[PDB]
Protein chains: 2
Amino acid sequence: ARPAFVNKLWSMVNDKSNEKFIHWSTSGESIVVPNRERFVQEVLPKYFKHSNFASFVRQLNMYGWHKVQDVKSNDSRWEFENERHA
Amino acid sequence: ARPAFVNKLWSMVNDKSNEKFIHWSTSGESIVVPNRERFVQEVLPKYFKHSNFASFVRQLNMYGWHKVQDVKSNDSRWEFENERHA
DNA sequence: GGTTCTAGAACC
DNA sequence: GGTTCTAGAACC
């Protein structure tokens, strides 16, 4: 039995009906959430009760996932990568 | 399935090996703990991990049990009675 | 009231 | 790594 958060993230990134809100990158090295707000109100509520993006991000951190900061100087786009890679 | 606290209290007041530390009054209307300290170190640890008397008392309150204050003016003696009676 | 589910802790 | 236990939440 994997932790509930790991299971939920897995099912949400892989479920085809969440495609437009959260999905793997073509390479699989990261998870893409095109628009934070659409995801927060269309996907989060199906997996967590009293869900909020802040919690989601904290949880992801617990599992080694960090926000990709590659925007040079669309703050609604979020991408996550894990500390553990090949 | 009854709450874990209810089960533990039940088993500790009824278990014969805890007799000298915690037991029903002859009438059954209350629970007698002759000496708080002996009980805290001889019984509590068999039922709760990182047990302390303060928690025990709070829990008892959650279930309607209150400390009997019948000492006129042996602060080690504790007796508990429940709000719900005949 | 009693059974089934969802989780994490405990155990092997 | 996988199974079993202990709890409370969910469900009927």
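So that the names make sense, note that chain A is the first sequence line, chain B the second, and so on, each numbered from 1.
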Value in whole Å for how far the P atom of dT6(C) lies from CG of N7(A): 11 Å
Distance in angstrom units between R2(B) CZ and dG2(C) P, rounded: 9 Å
Check: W78(A) ring centre within less than 6.0 Å of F39(A) ring centre: no
5'-most by nearest nucleotide on DNA chain D - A1(A) or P3(B): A1(A)
Check: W10(A) main-chain N/O paired with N14(A) side-chain donor or acceptor under 3.5 Å: yes
Integer-rounded Å distance: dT6(C) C1' and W10(A) CH2: 21 Å
Rounded distance (Å) that lies between atom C1' of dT6(D) and atom CZ of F5(B): 17 Å
Given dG8(C), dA7(D), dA7(C), the nucleotide with the shortest approach to the side chain of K8(A): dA7(C)
Whether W24(B) and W65(B) hold their rings parallel, tilted or perpendicular, with breakpoints at 30° and 60°: tilted
Main-chain N/O of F80(B) paired with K67(B) side-chain donor or acceptor, under 3.5 Å: no
Short side-chain N/O contact to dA9(D) OP1/OP2 from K49(A), under 4.0 Å: no
